[PDB]
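Engineer: Just remember that the deposited numbering sits 11 ahead of the position in the sequence shown, which is counted from 1.
From the three backbone atoms N, C-alpha and C, an ideal C-beta is built for every residue, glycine too.
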Amino acid sequence: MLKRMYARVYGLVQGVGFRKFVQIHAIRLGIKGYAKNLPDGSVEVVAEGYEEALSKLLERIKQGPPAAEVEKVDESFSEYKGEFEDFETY
Numbered sequence: 012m013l014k015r016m017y018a019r020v021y022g023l024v025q026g027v028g029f030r031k032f033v034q035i036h037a038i039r040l041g042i043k044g045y046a047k048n049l050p051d052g053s054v055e056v057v058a059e060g061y062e063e064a065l066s067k068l069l070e071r072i073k074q075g076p077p078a079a080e081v082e083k084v085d086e087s088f089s090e091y092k093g094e095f096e097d098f099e100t101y
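1. Label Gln-34 either buried or exposed according to how many other C-beta atoms from any shown protein chain fall within 10 Å of its C-beta, with 16 as the threshold for buried.
2. How big is the Cα-Cα spacing for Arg-19 and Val-84?
3. Along the chain, where does the alpha helix (DSSP H) that runs through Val-33 open and close?
4. From the DSSP output, which residues share a beta bridge with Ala-64?
5. Under DSSP, the beta strand (DSSP E) around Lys-92 begins and ends at which residues?
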């Protein structure tokens, strides 16, 4: 069940190891896509992979790394486009 998952992460989420934490867990789970800093201070994640893997990554995203303080994750699921070959951070 390949899917694409979009996640917007609000809170104390920049300067705290967030993008690397998502990347590591994505690589561990076989997920491709990206985690990106946004100018407003939040982070966005686009992830493609099997549903079960995406759900595991979502759980990680909601927690964040130890220095993060996640206020809310907004997520949305949609069709897998097979757009990515790696998991990148920007």
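Structural biologist: So, to answer that:
1. buried
2. 6 Å
3. Per DSSP, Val-33 is one residue of the alpha helix (DSSP H) stretching across 29-40.
4. Looking at the DSSP assignment, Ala-64 forms no beta bridge with any residue, so it has no partner.
5. It is not in any beta strand (DSSP E) - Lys-92 carries neither H nor E in the DSSP assignment.
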